[PDB]
Structures are given as structure tokens and as C-alpha cells.
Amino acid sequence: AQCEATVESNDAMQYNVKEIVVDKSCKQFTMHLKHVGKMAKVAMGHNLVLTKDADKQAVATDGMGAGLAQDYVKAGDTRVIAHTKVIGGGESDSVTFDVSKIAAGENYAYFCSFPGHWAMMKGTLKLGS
């Protein structure tokens, strides 16, 4: 609703939403992440990272080497448009980004960069109205 969406992540390594559509009327957009499971962040942590589809694996790979304290996102990664921190069960986080950083027709991927999670936790985001 509005210029925001909510994605729930669980203990089975899956997002509940696979597609997010950003309305052209939005200048800013907010992504809310809820970890609805009950596992600790050191075992089942989840975040939400947004990049072009092409940068997915490169960003996830560098992110794994950043560490948990860095939310598994390489500090100042120029390929990451937006990202939340890594959360454990019972928690949540939000990230707001400038819609101008998004282009029509372009393909964007949101995925979890916690080690090994990217291959199963990913979705598509695009500008469309």
C-alpha cells in the first residue's frame, strides 16, 4: 500500500512475496522486512538487499565476506541500492530509497545476503503503474 511494501521471511528460507511493483507516483519507496520465524540471527538471519539482477551473485558473494556485524553487505557497496540490517526471529527492519535510482524496464532483484540464503530467497522489483 502507498509507496511501501512488506516482505515476511521465515525459518524455511523463503520470502512470502516474489514480486514488488513500485508505483510511478512514488518519489521515495519503503521496504519493510519481518522475520516471522523463531530462529536466531546467527543460524537463520535474514536481510533484504536490492541491486540490479545482474549484480545479485557478485553482491551476495562480497557480502558474505563482510561479516554479520556488517549485515553481510560490503560497506559502501556501489551496486547495492538499498538494504536492511540482518534480523533474527521476532524482529523487523525497514529501508527507504530514492525511486530515481530505479529505471523503467530495468530488472532489479531483492535477495537475502546472509550466507547461502541468496539461492532461495530472491524476488523481482520493478517500476510500473
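Start at 1 with the first residue shown and count on from there.
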property	result
Of 99 to 107 and 22 to 30, the one with larger mean CA B-factor	99 to 107
77 to 85 versus 45 to 53 - which carries the larger mean C-alpha B factor in the record	77 to 85
Within-chain third of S129 by Cα B-factor, per the entry	highest
Record-listed C-alpha B factor of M64: chain third	highest
